[PDB]
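A.B. asks: please find the sequence and an experimentally derived structure below.
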Amino acid sequence: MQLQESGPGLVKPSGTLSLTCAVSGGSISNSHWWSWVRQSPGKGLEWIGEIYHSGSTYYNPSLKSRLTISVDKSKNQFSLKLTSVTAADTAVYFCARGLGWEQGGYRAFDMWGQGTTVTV
Amino acid sequence: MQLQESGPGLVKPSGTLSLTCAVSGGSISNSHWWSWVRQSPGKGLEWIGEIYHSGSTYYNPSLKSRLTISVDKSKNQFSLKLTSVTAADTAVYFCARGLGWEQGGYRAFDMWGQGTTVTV
Amino acid sequence: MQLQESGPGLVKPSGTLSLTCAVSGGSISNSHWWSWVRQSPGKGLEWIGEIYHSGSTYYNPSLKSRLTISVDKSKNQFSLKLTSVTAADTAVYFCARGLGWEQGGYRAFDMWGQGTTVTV
Amino acid sequence: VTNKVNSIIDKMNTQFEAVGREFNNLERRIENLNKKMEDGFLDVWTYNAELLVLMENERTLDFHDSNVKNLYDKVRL
Amino acid sequence: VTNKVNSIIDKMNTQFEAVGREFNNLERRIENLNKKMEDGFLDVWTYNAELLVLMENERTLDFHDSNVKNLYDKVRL
Amino acid sequence: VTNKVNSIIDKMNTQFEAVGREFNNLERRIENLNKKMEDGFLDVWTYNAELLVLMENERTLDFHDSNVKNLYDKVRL
Amino acid sequence: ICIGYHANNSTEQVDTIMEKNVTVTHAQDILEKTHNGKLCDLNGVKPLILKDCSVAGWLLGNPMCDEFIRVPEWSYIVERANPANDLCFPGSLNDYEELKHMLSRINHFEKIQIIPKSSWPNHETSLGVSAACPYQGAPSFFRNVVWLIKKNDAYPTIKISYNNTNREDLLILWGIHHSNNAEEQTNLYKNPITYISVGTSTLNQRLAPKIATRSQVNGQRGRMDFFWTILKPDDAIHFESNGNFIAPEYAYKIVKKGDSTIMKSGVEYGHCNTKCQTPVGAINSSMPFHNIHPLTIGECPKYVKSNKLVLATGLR
Amino acid sequence: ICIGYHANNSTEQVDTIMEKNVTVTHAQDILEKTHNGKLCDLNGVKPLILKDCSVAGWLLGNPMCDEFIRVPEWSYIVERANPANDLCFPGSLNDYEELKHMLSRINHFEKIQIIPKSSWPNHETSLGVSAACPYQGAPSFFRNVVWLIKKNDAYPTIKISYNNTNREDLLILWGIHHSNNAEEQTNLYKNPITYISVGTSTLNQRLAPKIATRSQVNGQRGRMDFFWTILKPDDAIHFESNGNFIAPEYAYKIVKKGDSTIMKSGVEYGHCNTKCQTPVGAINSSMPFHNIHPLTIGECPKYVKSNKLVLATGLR
Amino acid sequence: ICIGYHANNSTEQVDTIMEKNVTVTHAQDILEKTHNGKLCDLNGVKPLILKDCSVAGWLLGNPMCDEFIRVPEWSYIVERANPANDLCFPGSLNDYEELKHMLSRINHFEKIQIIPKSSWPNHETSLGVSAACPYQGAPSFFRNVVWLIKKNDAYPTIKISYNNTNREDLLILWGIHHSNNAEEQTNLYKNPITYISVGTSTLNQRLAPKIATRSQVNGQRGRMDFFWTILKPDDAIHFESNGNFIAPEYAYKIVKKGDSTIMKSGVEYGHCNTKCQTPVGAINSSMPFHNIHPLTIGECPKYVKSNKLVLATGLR
Amino acid sequence: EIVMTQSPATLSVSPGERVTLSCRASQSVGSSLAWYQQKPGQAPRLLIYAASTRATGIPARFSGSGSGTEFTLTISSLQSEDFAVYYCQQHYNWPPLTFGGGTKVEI
Amino acid sequence: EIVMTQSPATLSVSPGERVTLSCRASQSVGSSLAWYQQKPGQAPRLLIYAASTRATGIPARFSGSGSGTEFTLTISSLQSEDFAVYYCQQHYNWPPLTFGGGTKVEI
Amino acid sequence: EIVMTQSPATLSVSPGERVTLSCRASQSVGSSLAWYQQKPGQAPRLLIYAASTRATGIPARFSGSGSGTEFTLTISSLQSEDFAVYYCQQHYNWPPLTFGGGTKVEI
């Protein structure tokens, strides 16, 4: 599972940030909870949110009122939007996958992508 | 069984008809519903009423307020009285018997008598 | 089984009486009811009262408000107090035992003592 | 005054209705509840009903008296 | 007025009476129903009692100060 | 007088609260008992509420037209 | 100038909060107390009344209940309190109360001859008579079920089935037999450890008889336990029995629904036409209150538990 | 001439619809708040009180409850909550709540030795002892039933009957033993697959024991299940058993009926004479309202759930 | 001097005892009628909603309802009426209604792998698939129980025990399989007359399968009956089986208690933050009366069954 | 109430051939109709009492069947004595057991 | 309350014949009564404690039976040691366990 | 909410002996925690997802256990490629989700 991630660079403050992941080697409609993780110096790792293929979503309480996840099934695509660039701490973002029901479906992240940085 | 009809040939207008059907050979000792049938030109056969041996009676809704059946155990004689003859259409009357419980007790009139007419 | 009464006399009008029935050869630690019986000429016998070891007492309704029974488990002692001497008309008193549970626990009095007379 | 009479039937139309049940002996306990059920509700209702009458009766006098008095006042100025 | 307060008891002398029941561990629903019986009936009865107490006290006060001004008008006319 | 309006909830705050229960297809008698229970309690409570609303509205109106008249009498003598 | 009270004459009184007897002129009454006193027809359709039969007696076709077989459309059921006919045999039908409750919302019936007598195999069926329910002094039995008995010392397993095709909710009844001892069982039937099994799309059942000794009631030492079920449209039902069995012959079919009521009154029948009914008599009034009996049927006025209610108007 | 309102002096206030504290010259009171707080005799007849035994322990003759082998007439029953002296053997009597509800209408009892101990010809009865209910530090058992055990390696099929000759209804109790494993069953009793059967009018019963493994409670791995029934005058009852059987020895007879009540509380006994009782104390008042506890016995006044009820009269 | 009643202006009316429409100036209202009509969160914690799965489907791990394999804390339960995925296998769980009552007081759960899949030494477990609940068009089964099947034509008597070493109380579920005929039973399991037994120091159970013919529902002729129990701390449970057996794999653990309620509706989910809830919509008002629906969750105002309520003041 | 009506009035047939009669009702009845045949100067005799049974009459000569609101009699053969007047009645509900109209078959 | 009474006062019976004594009660007591013998000096030992049982005293010679409100005493043949005063009691209900009146048998 | 903290900052351990790391939380979490470790330049991998079971990686050298509010990693021996930063995580309740602080092992 390649799980590529793509974003423009998202510089201009007081704007909109939109990273998007990309599923390859597999397909949506399998029971998993895709997630976003951001790593920053001085804070370590923060969990952004999760989204299921049906439509259920879970967000970070810190940025619930600002962030939004969306998914489209046309070519197995899902993206993240945050509505204030000034709130970004130029952390490095990753989109990663959870475990299947064979292991009991615990809230852990098994496989990860490549990673991309964003500069404000 | 020999079902006989004893009629007076009542004519006098604005009178009270009374025909007494008596059963011969048999007796009123089983579950049956004796009935009266009147045949008149222009409308064929009309059902007058029925009565069980215990006292239950069923009447025609057309002449319920004016017709009455009575029964006598002493010599097994069952009689009909209609209190006004102005509505009589000189129809020919018959007293008849239905089926027993061995046939399922359907409301059909199996055995019939000789029949006797009357005129006003 | 030995049941003995120690009568201190108690001969004084307008006074209090007492008696101190004691057990020898055994202990009160058993399922039995201990009873007092008084006898006098003119009225035959009279049942005074009964008491169990756990602290249950049954009194005569005639002298309920005036009599009292008590026990002492130190050396198997049980005593009667009658507050007024006039209620006791020189009757002779006895302390006795009932049946065990082997016979069904009936209210007959099996074993009797010696008896001691009291005068006023 | 017939409107006042119909007022009570208007207010009372939501009356509770009782339906019989035939619990057998073995379930005795629950049957008791059912019995007690009626012995509550009917009592409540009848009490309520009686109460109604009283005040209306009082009013049926009071206002009436009041009216004629003001009629005297109507011919008193 | 002591007669009135003594007679007050007859307005509700048929009041509901509670009897205990001992439903075991496998019938929680019906014992919940049984509890709700009491939590409803007792509340209804106490509300009725408080309401009637209030209205009777009000009426007692009202006629008590009405009679005195009635006598005053009687001697004043 | 808004204090009385706030106290209206105090008068009645102990109202019975319905709780949902479930019953299968071969115990219909108990389900009917529960249904009748709920309907009876709700009808009693709504009747009490409507009656109390009416009486206090009447009392408030009486207070309203009595205060002005007594003030007029006070300034009149 | 003389103006005052509207003078009037009166004869009756009324109660109030502060008094118990105050005279009144327009003594309007609101409570109805008088009833006719005899049972009578409702809305022009004759209600069904029994004399000594019971619900169990009627449905199971009691030999003495033969008069009531095909009852037409009725209004309500009035069954004689403490029926004498009832069930002559000392049996017991499981959960009688739910069946009686179900019978309160049905306004018509139709007997359907589902399993014809000739359809039965070699299994003997002509020896099912009893002395507990005589007819004209002769042994007889119920006229709604068939008690199959062995023939030539044989009893092949019964494997009948049925499919519901008409758009109606059929009702089925059957039963099982408890013998007395081993010899009676091996005489009437062929093998011990008999069992019955019922199969449908909503429930299951597997039952066996109970053999023991009991007291003597009506000179008998055996018992019969009946069972019943409701069948949905487009469904199927299956029976299996290796022994004791009370096979059904007639089924019941529902065709109309509405309102009814089980009744336990004690009065005879008259010719009438009313709108409401009570266990003591009919009502022909318009007052909104009555105190004859709380268990009414029809659009009757409300019921209270008092003796005097007056809503009078007027002076005095 | 100056005459007006009769102004006077007062001490305490009252509440109303339009106010909460209004002084009154004659503050009549209704609610009762004081109770003696001691259990005491009712109508001059001593009520029955149990210290530690439960109802099951009393009825079944608990070894540690010898105080109540015989008991006279009473008025009500007081039972301590969560009693320690419950069934020492870890059994469970069915439909306990039903029996407890039944006991709310009986005012007297009489023990009848229906089956004398000698009635058992060739069945061992002296080995029925248990360590779970010691007496004076020695093994013992209940004093109302007999646990029949095999004798000289024999256990014939027990069959018995009884006729209720006298003119009173009887109450009968018995039981069945759930063993632990096959070895224990075949050691105490000769044959496996034991069963019991009960025969009487209006009911039947056929039962078998359950054999499995369980945990350890009071150092035991076996159970006992009891059952009870009521016998009407001029009836007959029959018992049959092929194995585990807790036979009855004594029976209970009802001789009077009336009013009773079960009360759960703990209060010491006193000497008294009341006309009413509550589980916390006695009442010696006359006003018709109280709030000590909703559960009462006797002719006690009504119960409410408030704290201040005043029906005062007067000026101010 | 000109002083009198303060005549003013008004817009609407009000009702009273003696009239139905009287104009009023300060038309105070007390009844709330408007609702948002959307499901939202309660006190900041998201409630649990199920789309097309019943409670039984959720608990037993329905193959097509894998969305809720694990679930965090909630406040209440929303369940759509008559879901299609409820019990794809035509089984029936005993005391379903009773179980649904227990969930009204539980606010959290935790799955515990009490019996690992490797615990089974030799019984085959990989053939437990069915076409009744396909996954991705392939046969599958539940994900909370294991249907043990014979291996190498063998099935040793299964015996297991467990001790509740935790500081809490566990909830256990299992089941038994009703086959169709003898051939199927002997093909899947080695021996007939199978039975299961359970021991939990508080109750007993001894069950056997029912073999008979039935209808065809969902193209199947077999059934499954499930059972459940609650285990307290420091207790022990034991299972014995000699045949048909639906073994458990996961267990449920309670860690918190509070308030909850089952609610049936069809409104979608939306983002909000409210205090009360109704099965039709939320409430954001302060009046003490409403009439949207009698069933509420939270500190909602009281419910009545009327349409107009006014508590106005003022003249006119 | 239930009202009965038959459309055809007069039929002219030869002996031995096949004849049909129609009985058209007004409401759903089930299987609760009966048929009567009258000979001049004689009482009627029973032929069809349940909608699909023949316990009365002459076997293997007549027949009748139907459902809903339509019923029909077929014979497939008739002799010189079969010419008569036929009547259709219902017995689904009481009291008004009305009778159907008359029809005449003749040479 | 329960009260007992015996009608006969003295009977002249020599050693070696028959003698009968009756105990009469005021209410139904079931099977609950007791009988005592008291010869001066020794305390009264027990003879009969239930209506139809025997476990106290010498059994074969003495007997007694009854029910309802009447009971009776029967002896085969008395001897020199048998004459004493006999007392009747009830124990059906407590507390007032009253005693019966005295009765003396004479030689 | 649930918060994580590890006390030791840096440990100097040569290749081939023991080293201990601790993980203590502010509240009881049952048996629900995870441990993560990342290498310089790429994403981290999973090693321990439950309290007492192995997730991924070779088993012979890593381990960890604990309960209540205290958890601890144990190893047999380490090598030149084990030095990294270790992170401790909770998954007992997941509306929020937080990570542990940083820790370094080296020589």
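C.D. replies: In hand now; what should we look at? Residues are numbered from 1 along each chain as shown, chains lettered A, B, ... in the order given.
A.B. asks: interface residues of chain D facing chain F?
C.D. replies: Contact residues (C-beta under 8 Å from any C-beta of the partner chain) of chain D with chain F: D:11, D:14, D:16, D:19, D:21, D:23, D:30, D:33-34, D:37, D:41, D:44, D:48. (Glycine included, C-beta is placed from N, CA and C.)
A.B. asks: so who does the residue sitting nearest the centre point of chain D touch?
C.D. replies: Centroid-nearest residue in chain D: residue D:49, 1.9 Å away (criterion: C-alpha atoms, centre = their mean). Residue D:49 sits next to D:12, G:289, G:304, G:306, G:309 when contact means C-beta atoms under 8 Å, 6 or more residues apart in numbering or on different chains.
A.B. asks: ok, now residue A:22?
C.D. replies: Under the criterion of C-beta under 8 Å, 6+ apart, the neighbours of residue A:22 are A:2, A:3, A:4, A:5, A:6, A:76, A:77.
A.B. asks: you'd agree the first one is up against residue A:25?
C.D. replies: Yes: with contact defined as C-beta atoms under 8 Å, residue A:2 and residue A:25 form a contacting pair (5.5 Å).
A.B. asks: more crowded one of these two?
C.D. replies: Each of residue A:2 and residue A:25 has its neighbours counted (other C-beta atoms under 10 Å in any protein chain shown); residue A:2 has more, 11 against 7.
A.B. asks: find the nearest non-adjacent residue to that one, please.
C.D. replies: In space, and not counting its chain neighbours, residue A:2 is closest to residue A:24: 3.9 Å by C-beta to C-beta, 6 or more residues apart in numbering or on different chains.
A.B. asks: quick one: name the residues of the stretch 151-300 of chain G near chain C.
C.D. replies: Contacts of the stretch 151-300 of chain G with chain C, taken as C-beta under 8 Å from any C-beta, are absent.
A.B. asks: can I assume the residue nearest to the centre of chain D sits in a helix?
C.D. replies: Yes: assigned with DSSP: H, G, I helix; E, B strand; the rest coil, residue D:49 falls within a helix.
A.B. asks: what about residue J:13, how many residues close to it?
C.D. replies: Neighbours of residue J:13 under the rule other C-beta under 10 Å: 15.
A.B. asks: just residue G:172 next, same as before
C.D. replies: Residues near residue G:172, counting by other C-beta under 10 Å: 20.
A.B. asks: list phi and psi for it.
C.D. replies: Phi and psi for residue G:172, reported as degrees, to the nearest 10, are phi -120, psi 140.
A.B. asks: and if you look at residue A:71?
C.D. replies: The phi/psi pair for residue A:71 (degrees, to the nearest 10) reads phi -140, psi 140.
A.B. asks: ok, it - contacts?
C.D. replies: When contacts are counted by C-beta under 8 Å, 6+ apart, residue A:71 touches A:28, A:51, A:53, A:55, A:77, A:78, A:79.
A.B. asks: any idea how far residue E:59 is from the closest residue to chain E within chain G?
C.D. replies: With C-beta to the nearest C-beta, the shortest gap between chain G and chain E falls at residue G:17, namely 7.2 Å. With the distance defined as C-beta to C-beta, to the nearest Å, residue G:17 ends up 7 Å from residue E:59.
A.B. asks: repeat that for residue G:300.
C.D. replies: Between residue G:300 and residue E:59 the distance is 36 Å, computed by C-beta to C-beta.
A.B. asks: wait, does stretch G:95-114 make contact with chain F?
C.D. replies: Yes: using C-beta under 8 Å from any C-beta, stretch G:95-114 comes into contact with chain F via G:97, G:98, G:101.
A.B. asks: could you measure from the spatially closest residue to residue J:26 that is not a sequence neighbour over to chain C?
C.D. replies: Leaving out its chain neighbours, the residue that sits closest to residue J:26 by C-beta to C-beta, 6+ apart is residue J:3, at 4.8 Å. Distance, residue J:3 to chain C, using C-beta to the nearest C-beta, to the nearest Å: 85 Å.
A.B. asks: which SS state does residue J:3 fall under?
C.D. replies: coil.
A.B. asks: count the residues that sit near it.
C.D. replies: The local packing of residue J:3 (other C-beta under 10 Å) involves 11 other residues.
A.B. asks: CA atoms only: put stretch A:77-93 into CSV for me.
C.D. replies: Extracted C-alpha coordinates of stretch A:77-93, given in CSV (Å, rounded to 0.1, in the frame of the first residue of the first chain):
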residue,chain,number,x,y,z
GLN,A,77,-9.4,9.7,-2.6
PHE,A,78,-9.6,11.6,0.7
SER,A,79,-8.4,15.1,1.8
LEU,A,80,-8.1,17.4,4.8
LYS,A,81,-8.9,21.1,4.9
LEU,A,82,-8.0,23.6,7.6
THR,A,83,-9.4,27.1,7.5
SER,A,84,-6.6,29.2,9.0
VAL,A,85,-3.0,29.0,7.8
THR,A,86,-2.0,31.3,10.7
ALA,A,87,-2.8,28.4,13.1
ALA,A,88,-0.3,26.1,11.3
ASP,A,89,2.9,25.3,13.2
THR,A,90,4.7,24.1,10.0
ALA,A,91,4.6,20.6,11.3
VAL,A,92,5.3,17.6,9.0
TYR,A,93,2.2,15.7,8.1
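A.B. asks: quick one: it to chain centroid distance?
C.D. replies: Relative to its parent chain, stretch A:77-93 has a centroid offset of 9 Å by C-alpha atoms, centre = their mean, to the nearest Å.
A.B. asks: pull out the buried residues from that stretch.
C.D. replies: By neighbour count on 16 or more other C-beta atoms under 10 Å in any protein chain shown, the buried set for stretch A:77-93 is A:78, A:79, A:80, A:82, A:85, A:88, A:91, A:93.
A.B. asks: returning to what we had before: farthest pair in the contacts of residue D:49?
C.D. replies: Distances among the contacts of residue D:49 were taken as C-beta to C-beta; the most separated pair is D:12 and G:306, at 14.1 Å.
A.B. asks: the two: which has the busier surroundings?
C.D. replies: Applying other C-beta under 10 Å to residue D:12 and residue G:306 shows that residue D:12 carries more neighbours, namely 17 against 13.
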